Amino acid sequence: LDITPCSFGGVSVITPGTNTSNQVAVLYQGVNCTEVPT
Amino acid sequence: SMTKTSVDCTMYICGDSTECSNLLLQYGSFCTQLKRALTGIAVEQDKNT
Amino acid sequence: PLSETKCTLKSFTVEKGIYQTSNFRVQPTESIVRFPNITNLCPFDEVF
Numbered sequence: 585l586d587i588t589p590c591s592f593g594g595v596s597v598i599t600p601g602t603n604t605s606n607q608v609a610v611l612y613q614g615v616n617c618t619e620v631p632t
Numbered sequence: 730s731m732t733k734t735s736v737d738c739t740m741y742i743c744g745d746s747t748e749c750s751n752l753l754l755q756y757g758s759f760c761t762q763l764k765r766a767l768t769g770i771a772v773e774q775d776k777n778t
Numbered sequence: 295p296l297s298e299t300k301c302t303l304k305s306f307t308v309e310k311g312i313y314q315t316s317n318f319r320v321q322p323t324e325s326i327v328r329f330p331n332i333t334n335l336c337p338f339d340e341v342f
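Protein chains in written order, with PDB author numbering: chain H, 585 to 620, 631 to 632; chain P, 730 to 778; chain R, 295 to 342.
So, in structure tokens, the structure goes:
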């Protein structure tokens with residue numbers, strides 16, 4: 585049986601600052617989100 | 730411009746063990762310097778275009 | 295994730311831009327131990 589390792593890909597956030605808005609856009613880089631931090 | 734790369738210290742140094750992540754924090758900000766250095770390359774490669 | 299910007303950058307406020315934070319952590323579920331079926335114990339009492 586082959587071994588393919590887990591836990592790959594980064595987490596990037598896109599937000600305006602604290603004097604503007606609290607909304608955060610989150611970029612998942614390189615990982616397909618059709619399959620899918632606390 | 731050239732190829733923009735990013736190197737994580739979690740998957741490269743450690744073999745996904747609990748002992749390697751606990752002893753990485755004793756060395757501190759050594760991987761804080763390397764992630765800010767590869768970020769500052771990738772800002773200036775977009776300014777070259 | 296607004297406070298993940300404040301945790302990694304070690305700053306009280308947030309500056310406008312795009313910041314790299316962290317990576318995925320996938321917790322394992324079970325543990326698999328594989329050993330073949332041998333009904334014979336080793337003769338350690340013969341040499342002792």
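Heads up, the beta-carbon is just placed ideally off N, CA and C, and yes, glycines get one too.
Considering only the beta carbon of each residue, do residue i and residue j sit closer than 8 Å?
| i | j | result |
| --- | --- | --- |
| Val620/H | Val608/H | no |
| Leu753/P | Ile770/P | no |
| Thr778/P | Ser735/P | no |
| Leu296/R | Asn606/H | yes |
| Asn317/R | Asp775/P | no |
| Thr323/R | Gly601/H | no |
| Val327/R | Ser591/H | no |
Residues bridged to residue i by DSSP?
| i | result |
| --- | --- |
| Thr602/H | Bridge partners of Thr602/H: none, in fact. |
| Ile312/R | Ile598/H |
| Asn317/R | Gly594/H |
| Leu611/H | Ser596/H |
Excluding the 5 residues preceding and the 5 following residue i in the sequence, name in chain order all residues of the same chain whose CB lies nearer than 6 Å to its CB.
| i | result |
| --- | --- |
| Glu298/R | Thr315 |
| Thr599/H | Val608 |
| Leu767/P | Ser735 |
| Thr302/R | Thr315 |
Which same chain residues end up closer than 7 Å to residue i when comparing Cβ atoms and leaving out the 5 residues on each side of it in sequence?
| i | result |
| --- | --- |
| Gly593/H | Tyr612, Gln613, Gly614, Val615 |
Could you tell me whether any Cβ in chain C is nearer than 8 Å to the Cβ of residue i?
| i | result |
| --- | --- |
| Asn616/H | Going by chain labels, chain C is absent from the structure shown, which instead holds the protein chains H, P and R. |
Sorted by chain position, which residues of the same chain lie with C-beta nearer than 8 Å to residue i's C-beta, five sequence neighbours on each side aside?
| i | result |
| --- | --- |
| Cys749/P | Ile742, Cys743 |
**Q.** Given 8 Å, three or more beta-carbon pairs between the region 753 to 767 of chain P and the region 603 to 620 of chain H
**A.** no
Q: Return the residues of the region 741 to 753 of chain P that lie within a Cβ-Cβ distance of less than 8 Å from chain R, sorted by chain order.
A: none
Q) If contact means a Cβ-Cβ distance below 7 Å, which residues of the region 302 to 317 of chain R contact chain P? A) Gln314, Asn317
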